[PDB]
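Undergrad: Handing you a structure now.
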């Protein structure tokens, strides 16, 4: 069964590999959003 | 109170928000002048109404 768990670990890896991309996406969004927050406050002031 | 303050907070310099007071004043002055000139037209018409009798 030692040859079986390899797929499992590589699977967890493959899964997380995109979760990181999600993190990047959300980060980029957060940047893009707060950049707007600045403007909103910049108008509000 | 602090919870709502942090929830409705924006990431930006504070000295820029207070500055908006200048813009707001520049936008209020217009309406204030319009009220001056309307209460003035009113006053004038009133004095004419007291001149004719």
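Protein chains in written order, with the deposited numbering: chain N2, 367 to 411; chain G1, 247 to 299.
All C-beta atoms in this analysis are idealised placements derived from N, C-alpha and C, irrespective of residue type, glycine included.
#1: Are residue 404 (chain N2) and residue 258 (chain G1) closer than 8 Å when you measure CB to CB?
#2: To the nearest angstrom, how far is it from the Cα of residue 369 (chain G1) to the Cα of residue 280 (chain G1)?
#3: Residues in the stretch 265-290 of chain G1 with C-beta within 7 Å of chain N2's C-beta atoms, listed in sequence order?
#4: Does the Cβ of residue 411 (chain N2) have 16 or more other Cβ atoms within 10 Å, making it buried, or fewer, making it exposed?
#5: Between the alpha carbons of residue 407 (chain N2) and residue 272 (chain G1), how many angstroms are there, rounded?
#6: Which residues bound the alpha helix (DSSP H) around residue 299 (chain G1)?
#7: Using a Cβ cut-off of 8 Å (strictly closer), state whether residue 400 (chain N2) contacts chain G1.
TA: Quick answer:
#1: Position 38 of the first chain, counted from the start, is the residue given in the question as residue 404 (chain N2). Position 12 of the second chain, counted from the start, is the residue given in the question as residue 258 (chain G1). Between residue 404 (chain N2) and residue 258 (chain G1), the C-beta spacing is below 8 Å.
#2: Chain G1 is shown from 247 up to 299; residue 369 (chain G1) falls before or after that span and cannot be answered.
#3: So the close ones are 265, 266.
#4: Within the first chain, the letter at position 45 stands for residue 411 (chain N2). So residue 411 (chain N2) ends up on the buried side.
#5: The residue you call residue 407 (chain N2) lines up with position 41 of the first chain. The residue you call residue 272 (chain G1) lines up with position 26 of the second chain. Answer to the nearest angstrom: the Cα atoms are 18 Å apart.
#6: Here residue 299 (chain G1) refers to the residue found at position 53 of the second chain. Under the DSSP assignment, residue 299 (chain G1) falls outside any alpha helix (DSSP H); it carries neither an H nor an E label.
#7: Position 34 of the first chain, counted from the first residue, corresponds to residue 400 (chain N2). Yes, residue 400 (chain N2) counts as interfacial toward chain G1.
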